[PDB]
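Participant: Next up, target.cif (mmCIF, C-alpha atoms and all ligand atoms).
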```cif
data_final
#
loop_
_atom_site.label_atom_id
_atom_site.label_comp_id
_atom_site.auth_asym_id
_atom_site.auth_seq_id
_atom_site.Cartn_x
_atom_site.Cartn_y
_atom_site.Cartn_z
CA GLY A 448 26.04 13.41 16.66
CA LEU A 449 29.07 11.41 17.84
CA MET A 450 29.34 13.73 20.81
CA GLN A 451 26.59 12.24 23.04
CA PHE A 452 27.65 8.62 22.54
CA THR A 453 27.93 6.52 25.72
CA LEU A 454 29.54 3.06 25.54
CA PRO A 455 27.49 -0.02 26.54
CA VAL A 456 28.27 -1.34 30.04
CA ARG A 457 29.08 -4.91 28.94
CA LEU A 458 31.59 -3.38 26.49
CA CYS A 459 33.16 -1.29 29.28
CA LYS A 460 34.39 -4.51 30.90
CA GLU A 461 35.59 -6.30 27.78
CA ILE A 462 37.36 -3.41 26.02
CA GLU A 463 39.97 -3.73 28.79
CA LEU A 464 40.95 -7.29 27.79
CA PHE A 465 43.54 -7.94 25.05
CA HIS A 466 41.53 -10.43 22.95
CA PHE A 467 38.62 -7.95 22.53
CA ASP A 468 37.39 -7.79 18.95
CA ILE A 469 36.04 -4.47 17.74
CA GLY A 470 34.73 -6.22 14.60
CA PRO A 471 30.97 -6.57 15.29
CA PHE A 472 30.54 -2.96 16.60
CA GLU A 473 31.20 -0.92 13.45
CA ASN A 474 28.95 2.02 14.29
CA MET A 475 30.46 2.22 17.85
CA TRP A 476 34.11 2.53 16.70
CA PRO A 477 34.35 6.36 16.84
CA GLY A 478 32.76 6.37 20.29
CA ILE A 479 34.98 3.50 21.42
CA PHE A 480 38.06 5.51 20.45
CA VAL A 481 36.71 8.54 22.35
CA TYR A 482 35.94 6.33 25.32
CA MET A 483 39.46 4.86 25.09
CA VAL A 484 41.08 8.29 24.95
CA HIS A 485 39.11 9.46 28.02
CA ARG A 486 39.94 6.35 30.02
CA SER A 487 43.69 6.63 29.36
CA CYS A 488 44.22 10.37 29.17
CA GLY A 489 41.08 11.55 31.10
CA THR A 490 37.88 13.23 29.93
CA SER A 491 39.56 16.66 29.60
CA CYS A 492 42.58 15.96 27.35
CA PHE A 493 41.07 17.38 24.20
CA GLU A 494 37.99 19.50 23.53
CA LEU A 495 35.21 17.07 22.63
CA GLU A 496 34.16 18.90 19.45
CA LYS A 497 37.80 19.06 18.38
CA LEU A 498 38.31 15.32 19.00
CA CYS A 499 35.07 14.20 17.35
CA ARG A 500 35.70 16.43 14.34
CA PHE A 501 39.21 14.94 13.99
CA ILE A 502 38.14 11.31 14.65
CA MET A 503 35.54 11.51 11.88
CA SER A 504 37.93 13.27 9.48
CA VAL A 505 40.46 10.45 9.94
CA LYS A 506 37.70 7.93 9.19
CA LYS A 507 36.90 9.82 5.97
CA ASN A 508 40.56 9.61 4.84
CA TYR A 509 40.61 5.79 5.18
CA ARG A 510 39.73 4.00 1.95
CA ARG A 511 37.52 0.99 1.24
CA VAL A 512 40.46 -1.41 0.73
CA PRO A 513 40.10 -4.94 2.17
CA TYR A 514 42.60 -4.68 5.12
CA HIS A 515 44.41 -1.36 5.64
CA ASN A 516 41.12 0.40 6.43
CA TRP A 517 39.21 2.22 9.16
CA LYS A 518 38.57 -1.12 10.97
CA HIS A 519 42.33 -1.78 11.16
CA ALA A 520 42.90 1.73 12.57
CA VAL A 521 40.55 1.13 15.50
CA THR A 522 41.87 -2.42 16.05
CA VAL A 523 45.47 -1.31 16.53
CA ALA A 524 44.43 1.65 18.68
CA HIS A 525 42.48 -0.73 20.93
CA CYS A 526 45.47 -2.98 21.46
CA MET A 527 47.61 0.10 22.34
CA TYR A 528 44.98 1.22 24.85
CA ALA A 529 45.18 -2.23 26.47
CA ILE A 530 49.02 -2.11 26.69
CA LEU A 531 49.06 1.44 27.98
CA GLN A 532 46.41 0.48 30.57
CA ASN A 533 48.31 -2.60 31.79
CA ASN A 534 51.50 -0.47 32.03
CA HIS A 535 50.05 3.01 32.75
CA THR A 536 52.85 4.50 34.86
CA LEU A 537 55.75 3.75 32.54
CA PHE A 538 54.59 6.31 29.97
CA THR A 539 53.91 10.00 30.24
CA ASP A 540 50.66 11.85 29.59
CA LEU A 541 52.05 13.24 26.35
CA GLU A 542 52.99 9.72 25.19
CA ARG A 543 49.55 8.31 25.94
CA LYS A 544 48.03 11.28 24.07
CA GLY A 545 50.21 10.72 21.03
CA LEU A 546 50.39 6.96 20.66
CA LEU A 547 46.60 6.49 20.54
CA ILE A 548 46.24 9.22 17.91
CA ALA A 549 49.24 7.59 16.17
CA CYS A 550 47.80 4.06 16.13
CA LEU A 551 44.50 5.53 14.86
CA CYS A 552 46.29 7.47 12.07
CA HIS A 553 49.07 5.05 11.20
CA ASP A 554 47.64 3.86 7.83
CA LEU A 555 45.80 7.07 6.88
CA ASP A 556 45.04 6.81 3.15
CA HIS A 557 46.45 3.34 2.32
CA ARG A 558 45.75 2.18 -1.28
CA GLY A 559 46.58 -1.54 -0.88
CA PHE A 560 50.13 -1.19 -2.17
CA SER A 561 53.32 -2.07 -0.34
CA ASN A 562 56.27 0.27 -0.17
CA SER A 563 58.01 -2.28 -2.42
CA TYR A 564 55.52 -1.73 -5.26
CA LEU A 565 55.45 2.05 -5.05
CA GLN A 566 59.26 2.06 -5.23
CA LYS A 567 59.76 -0.45 -8.05
CA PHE A 568 57.07 0.98 -10.36
CA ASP A 569 58.32 4.52 -9.99
CA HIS A 570 55.51 6.40 -8.27
CA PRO A 571 55.31 9.98 -6.86
CA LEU A 572 55.15 8.82 -3.17
CA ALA A 573 58.42 6.91 -3.65
CA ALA A 574 59.66 10.08 -5.38
CA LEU A 575 58.89 12.34 -2.35
CA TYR A 576 59.58 9.62 0.27
CA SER A 577 62.66 7.52 -0.43
CA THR A 578 62.26 5.04 2.43
CA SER A 579 59.30 3.99 4.61
CA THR A 580 57.39 5.42 1.65
CA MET A 581 53.74 5.05 2.75
CA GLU A 582 54.53 5.38 6.47
CA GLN A 583 55.73 8.94 5.71
CA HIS A 584 52.64 9.82 3.64
CA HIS A 585 50.52 8.55 6.60
CA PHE A 586 52.19 10.95 9.03
CA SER A 587 51.78 13.71 6.43
CA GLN A 588 48.07 12.90 6.13
CA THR A 589 47.94 13.04 9.95
CA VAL A 590 49.18 16.63 10.06
CA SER A 591 46.96 17.90 7.19
CA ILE A 592 43.98 16.69 9.19
CA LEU A 593 45.45 18.13 12.43
CA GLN A 594 45.62 21.48 10.62
CA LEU A 595 42.04 21.62 9.32
CA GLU A 596 39.60 24.18 10.79
CA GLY A 597 38.55 23.22 14.32
CA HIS A 598 40.47 19.96 13.95
CA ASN A 599 43.65 20.91 15.84
CA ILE A 600 43.08 18.84 18.99
CA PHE A 601 46.53 19.84 20.31
CA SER A 602 46.16 23.65 20.12
CA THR A 603 45.90 24.02 23.96
CA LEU A 604 49.50 22.72 24.39
CA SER A 605 52.63 24.83 24.32
CA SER A 606 54.70 24.94 21.12
CA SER A 607 57.26 22.88 23.04
CA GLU A 608 54.70 20.13 23.75
CA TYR A 609 52.95 20.30 20.36
CA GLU A 610 56.36 19.50 18.75
CA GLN A 611 57.18 16.77 21.29
CA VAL A 612 53.89 14.96 20.69
CA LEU A 613 54.15 15.27 16.92
CA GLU A 614 57.63 13.69 17.21
CA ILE A 615 56.37 10.79 19.30
CA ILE A 616 53.71 10.33 16.61
CA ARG A 617 56.08 10.63 13.68
CA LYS A 618 58.45 8.14 15.30
CA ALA A 619 55.62 5.75 16.05
CA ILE A 620 53.98 5.82 12.58
CA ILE A 621 57.36 5.37 10.86
CA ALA A 622 58.18 2.42 13.17
CA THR A 623 55.10 0.53 11.87
CA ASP A 624 57.26 0.13 8.75
CA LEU A 625 57.73 -3.57 9.32
CA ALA A 626 61.05 -3.24 7.47
CA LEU A 627 62.43 -1.16 10.36
CA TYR A 628 61.03 -3.56 13.01
CA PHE A 629 63.47 -6.49 12.60
CA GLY A 630 66.58 -4.53 13.53
CA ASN A 631 64.71 -2.84 16.40
CA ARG A 632 63.75 -6.12 18.05
CA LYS A 633 67.32 -7.45 17.97
CA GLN A 634 68.59 -4.36 19.80
CA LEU A 635 65.89 -4.70 22.47
CA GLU A 636 66.50 -8.45 22.96
CA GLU A 637 70.19 -7.60 23.43
CA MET A 638 69.58 -4.48 25.55
CA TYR A 639 67.35 -6.78 27.63
CA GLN A 640 69.63 -9.81 27.98
CA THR A 641 72.70 -7.63 28.76
CA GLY A 642 70.87 -6.10 31.79
CA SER A 643 71.25 -2.71 30.13
CA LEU A 644 67.73 -1.77 29.00
CA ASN A 645 66.79 1.49 30.69
CA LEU A 646 63.32 2.92 30.16
CA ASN A 647 64.81 6.25 31.34
CA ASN A 648 67.08 6.36 28.30
CA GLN A 649 65.12 8.29 25.65
CA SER A 650 66.64 6.25 22.81
CA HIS A 651 65.77 2.95 24.56
CA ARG A 652 62.30 4.35 25.11
CA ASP A 653 61.61 5.11 21.43
CA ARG A 654 62.69 1.55 20.57
CA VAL A 655 60.17 0.09 23.06
CA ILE A 656 57.46 2.44 21.78
CA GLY A 657 58.50 1.13 18.37
CA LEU A 658 58.16 -2.50 19.44
CA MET A 659 54.80 -1.53 20.94
CA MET A 660 53.58 -0.18 17.61
CA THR A 661 54.51 -3.45 15.86
CA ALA A 662 52.80 -5.48 18.58
CA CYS A 663 49.76 -3.30 17.97
CA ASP A 664 49.96 -3.25 14.17
CA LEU A 665 50.09 -7.05 14.10
CA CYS A 666 47.61 -7.78 16.93
CA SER A 667 45.17 -9.56 14.56
CA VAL A 668 47.29 -12.67 15.21
CA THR A 669 46.52 -12.33 18.96
CA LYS A 670 42.72 -12.77 18.67
CA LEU A 671 40.62 -15.98 18.79
CA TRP A 672 41.41 -18.17 15.74
CA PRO A 673 38.19 -17.59 13.77
CA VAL A 674 38.77 -13.81 13.88
CA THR A 675 42.45 -14.35 12.98
CA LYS A 676 41.49 -16.65 10.03
CA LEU A 677 38.96 -14.16 8.70
CA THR A 678 41.42 -11.23 8.95
CA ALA A 679 44.11 -13.06 6.93
CA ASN A 680 41.49 -13.37 4.21
CA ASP A 681 41.35 -9.56 4.26
CA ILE A 682 45.14 -8.88 3.91
CA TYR A 683 45.73 -11.59 1.31
CA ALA A 684 42.93 -10.15 -0.83
CA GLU A 685 44.82 -6.84 -0.61
CA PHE A 686 48.14 -8.59 -1.27
CA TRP A 687 46.57 -10.44 -4.25
CA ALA A 688 45.13 -7.32 -5.86
CA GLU A 689 48.70 -5.97 -5.64
CA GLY A 690 50.16 -9.13 -7.20
CA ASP A 691 47.69 -8.89 -10.09
CA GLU A 692 49.14 -5.49 -11.13
CA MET A 693 52.63 -6.96 -11.27
CA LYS A 694 51.13 -9.67 -13.50
CA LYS A 695 49.40 -7.02 -15.68
CA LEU A 696 52.86 -5.42 -16.18
CA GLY A 697 54.55 -8.76 -16.93
CA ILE A 698 56.22 -9.48 -13.54
CA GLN A 699 55.55 -12.56 -11.40
CA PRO A 700 54.90 -11.43 -7.84
CA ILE A 701 56.23 -13.26 -4.82
CA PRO A 702 53.97 -16.28 -3.95
CA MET A 703 52.45 -14.25 -1.10
CA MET A 704 50.81 -11.81 -3.53
CA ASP A 705 50.01 -14.40 -6.21
CA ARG A 706 46.40 -15.53 -5.83
CA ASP A 707 47.22 -18.68 -7.84
CA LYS A 708 49.64 -19.77 -5.10
CA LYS A 709 47.12 -19.57 -2.20
CA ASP A 710 48.11 -23.15 -1.17
CA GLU A 711 51.35 -21.78 0.25
CA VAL A 712 49.69 -19.13 2.50
CA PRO A 713 49.54 -21.50 5.54
CA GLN A 714 53.33 -21.92 5.31
CA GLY A 715 53.65 -18.15 4.70
CA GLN A 716 51.93 -17.41 8.01
CA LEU A 717 53.84 -20.26 9.68
CA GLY A 718 57.01 -18.38 8.71
CA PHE A 719 55.63 -14.91 9.47
CA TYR A 720 54.60 -16.18 12.91
CA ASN A 721 58.05 -17.75 13.53
CA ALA A 722 60.09 -15.01 11.88
CA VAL A 723 58.05 -12.04 13.12
CA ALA A 724 55.06 -12.40 15.45
CA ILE A 725 56.35 -14.90 18.05
CA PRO A 726 59.65 -13.00 18.40
CA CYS A 727 57.77 -9.68 18.38
CA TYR A 728 55.48 -10.54 21.29
CA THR A 729 58.30 -12.51 23.04
CA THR A 730 60.57 -9.47 23.37
CA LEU A 731 57.46 -7.43 24.41
CA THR A 732 56.52 -9.83 27.21
CA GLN A 733 60.13 -9.57 28.49
CA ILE A 734 59.97 -5.73 28.57
CA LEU A 735 56.32 -5.40 29.66
CA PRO A 736 55.24 -8.65 31.45
CA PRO A 737 51.58 -7.54 31.71
CA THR A 738 51.40 -7.97 27.89
CA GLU A 739 51.92 -11.74 28.23
CA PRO A 740 48.39 -12.60 26.96
CA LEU A 741 49.47 -11.33 23.52
CA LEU A 742 52.23 -13.97 23.26
CA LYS A 743 49.82 -16.55 24.71
CA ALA A 744 47.32 -15.85 21.86
CA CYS A 745 50.05 -15.74 19.18
CA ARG A 746 51.20 -19.24 20.14
CA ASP A 747 47.63 -20.64 20.08
CA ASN A 748 47.17 -19.25 16.56
CA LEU A 749 50.57 -20.64 15.44
CA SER A 750 49.50 -24.23 16.15
CA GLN A 751 46.24 -23.55 14.31
CA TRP A 752 48.27 -22.68 11.20
CA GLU A 753 50.49 -25.72 11.91
CA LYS A 754 47.29 -27.76 12.31
CA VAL A 755 45.93 -26.48 8.97
CA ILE A 756 49.28 -27.47 7.42
CA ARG A 757 48.89 -31.14 8.44
CA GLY A 758 45.36 -31.63 7.12
CA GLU A 759 43.36 -30.56 10.18
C1 LIG A 801 52.96 -6.49 1.30
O1 LIG A 801 54.27 -6.39 1.86
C2 LIG A 801 55.14 -7.43 1.38
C3 LIG A 801 56.05 -6.83 0.31
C4 LIG A 801 55.99 -7.99 2.52
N1 LIG A 801 55.30 -8.19 3.78
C5 LIG A 801 54.13 -8.87 4.03
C6 LIG A 801 53.90 -8.71 5.37
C7 LIG A 801 52.80 -9.19 6.13
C8 LIG A 801 52.35 -10.49 6.18
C9 LIG A 801 52.81 -11.69 5.45
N2 LIG A 801 51.34 -10.59 7.12
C10 LIG A 801 51.18 -9.38 7.61
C11 LIG A 801 50.22 -8.90 8.62
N3 LIG A 801 49.29 -9.71 9.28
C12 LIG A 801 49.41 -11.16 9.45
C13 LIG A 801 48.11 -11.83 9.02
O2 LIG A 801 47.00 -11.29 9.74
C14 LIG A 801 46.86 -9.89 9.48
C15 LIG A 801 48.11 -9.14 9.94
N4 LIG A 801 50.23 -7.61 8.92
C16 LIG A 801 51.13 -6.76 8.32
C17 LIG A 801 52.03 -7.15 7.40
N5 LIG A 801 52.05 -8.48 7.03
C18 LIG A 801 54.99 -7.96 5.86
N6 LIG A 801 55.84 -7.64 4.89
MG MG A 802 51.02 0.47 7.36
ZN ZN A 803 48.70 -0.94 9.99
#
```
Spit out the file's structure as structure tokens when you get a sec.
Ligand SMILES: CO[C@@H](C)Cn1cc(-c2c(C)nc3c(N4CCOCC4)nccn23)cn1
Ligand SMILES: [Mg+2]
Ligand SMILES: [Zn+2]
Facilitator:
Amino acid sequence: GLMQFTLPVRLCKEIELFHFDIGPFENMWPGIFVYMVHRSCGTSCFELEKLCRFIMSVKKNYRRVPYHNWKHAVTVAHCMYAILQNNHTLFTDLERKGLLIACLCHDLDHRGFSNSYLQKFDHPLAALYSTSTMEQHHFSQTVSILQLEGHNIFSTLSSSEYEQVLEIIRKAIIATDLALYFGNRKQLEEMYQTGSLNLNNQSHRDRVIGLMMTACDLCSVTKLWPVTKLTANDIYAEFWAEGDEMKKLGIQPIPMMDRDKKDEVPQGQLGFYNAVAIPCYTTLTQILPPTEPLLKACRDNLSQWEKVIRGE
């Protein structure tokens, strides 16, 4: 069904740009991922029936929550595609293979609940996974799908390479734990400014891949303002539903997850953009200068939040 999809020609041109919004093409998302895989890895990387069976299985294991959903999977994959494209050489074939599958799988089975929640209100997942709670469960969900019948898209690789790619993926998914991000950036900014950053160093590499994942995970802030506005509505809904359950167990949530304090959201993003996004895409533009448009967009959206602050 999926397997004879062919992407529209106007979309072949625009999918290459950073600001591209997948949003209005819901039925084309599976075929846009397939297209994106073929363009970056080639038409022959996986067996089509294996890929399409996997791609649809992933989709099934994403829930109908307001933000951390199938749409967000394809969005973050797209932005990876764009970075990989604009910096093709730097990364290996096995990295390209893994990061796109990673971005597409990185929130597999999200419920709308932060690590923080799952840990406080003592839940199984926090039981099994002490830290980066959900981000582990996502990688687990990735492998259970990878090991369904006819779903193992990697089976034509050696054991050696199957366990390299799965590492790349594990690392990547885990790194989308925004908790881990902040310390990662600081190392990169330093490794950069001290003339010492060496893409050849495996450990330096994984950090950059890490920073890449966070640039991708957050890339909603790098789209035209109306799309960015509308997406924040989607996360904050998810955040608010979370905050309501803290209220139903007699605990005030942080303002961010309290729907009654929605006035403060503009300042919340103003911080998040200053504390996280601007620095995120600023270290990324230093390491990979062809990703500059991402920092460009972030800044435009910052002043929109700043504008909203002062009555405009
Ligand atoms: C729900 O997790 C809370 C405990 C803490 N927290 C909230 C965030 C957070 C905030 C404020 N905004 C985003 C965010 N986006 C920024 C708004 O547009 C959508 C993407 N993505 C991921 C995590 N985000 C990161 N950590
Ligand atoms: Mg996540
Ligand atoms: Zn995500």
Participant: Could you report the residues within 9 Å of ligand MG 802 (chain A), using all atoms listed in the file, as a list in words?
Facilitator: residues 515, 553, 554, 555, 557, 561, 581, 582, 585, 620, 621, 623, 624, 625 and 664 of chain A
Participant: Can you tell me which residues sit at most 7 Å away from ligand LIG 801 (chain A), counting all atoms listed in the file, written as number ranges by chain?
Facilitator: A: 560-561, 563, 625, 664-665, 667-668, 675, 678-679, 682, 686, 715-716, 719
Participant: For the residues in the current selection, export C-alpha atoms as a CSV table (one decimal), in the frame of the given file.
Facilitator:
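And here's selection10.csv as it stands now:
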```csv
chain,number,residue,atom,x,y,z
A,560,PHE,CA,50.1,-1.2,-2.2
A,561,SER,CA,53.3,-2.1,-0.3
A,563,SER,CA,58.0,-2.3,-2.4
A,625,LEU,CA,57.7,-3.6,9.3
A,664,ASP,CA,50.0,-3.2,14.2
A,665,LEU,CA,50.1,-7.0,14.1
A,667,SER,CA,45.2,-9.6,14.6
A,668,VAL,CA,47.3,-12.7,15.2
A,675,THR,CA,42.4,-14.4,13.0
A,678,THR,CA,41.4,-11.2,9.0
A,679,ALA,CA,44.1,-13.1,6.9
A,682,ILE,CA,45.1,-8.9,3.9
A,686,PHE,CA,48.1,-8.6,-1.3
A,715,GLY,CA,53.6,-18.2,4.7
A,716,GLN,CA,51.9,-17.4,8.0
A,719,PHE,CA,55.6,-14.9,9.5
```
Participant: Have a look at CA of residue 713 in chain A and CA of residue 661 in chain A and let me know their distance in Å, one decimal.
Facilitator: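 Taking CA of residue 713 in chain A and CA of residue 661 in chain A, their separation equals 21.4 Å.
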Participant: So which residues fall inside 8 Å of (45.1, -4.7, 25.4) if we count only C-alpha atoms? Mind giving them as a PyMOL selection string?
Facilitator: chain A and resi 462-467+525-533+738
Participant: Kindly give the distance, in Å, that separates CA of residue 537 in chain A and CA of residue 745 in chain A, rounded to a single decimal.
Facilitator: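 Straight-line distance from CA of residue 537 in chain A to CA of residue 745 in chain A works out to 24.3 Å.
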Participant: Taking (57.0, 10.9, 18.8) in the file's coordinates, which residues come within 12 Å, counting all atoms listed in the file, written as a PyMOL selection string?
Facilitator: chain A and resi 539+541-550+586+608-622+649-650+652-654+656-657+660
Participant: Could you pull the residues within 7 Å of residue 728 in chain A, counting all atoms listed in the file, minus those fewer than 4 positions along the same chain, as an NGL selection string?
Facilitator: :A and (662 or 724 or 732 or 741-742)
Participant: Go through A:559, A:571, A:489, A:448 and flag the residue nearest ligand ZN 803 (chain A), using all atoms listed in the file for the distances.
Facilitator: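 Checking each candidate against ligand ZN 803 (chain A), we get A:559 as the closest.
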Participant: With all atoms listed in the file as the basis for distance, which of A:590, A:666, A:638, A:450 is at the shortest distance from residue 727 in chain A?
Facilitator: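 Going through A:590, A:666, A:638, A:450 one by one, the smallest distance to residue 727 in chain A is for A:666.
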Participant: From the set A:672, A:498, A:734, A:572, which residue has the shortest atom-to-atom contact distance to residue 637 in chain A, counting all atoms listed in the file?
Facilitator: A:734
Participant: For range 600-606 of chain A, please output as number ranges by chain all residues within 8 Å (counting only C-alpha atoms; exclusion window: fewer than 4 positions along the same chain).
Facilitator: A: 493-494, 497-498, 501, 593, 610
Participant: Looking at only C-alpha atoms, which of A:479, A:592, A:717, A:674 is the one that sits closest to residue 452 in chain A?
Facilitator: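 Once distances to residue 452 in chain A are computed over only C-alpha atoms, the minimum belongs to A:479.
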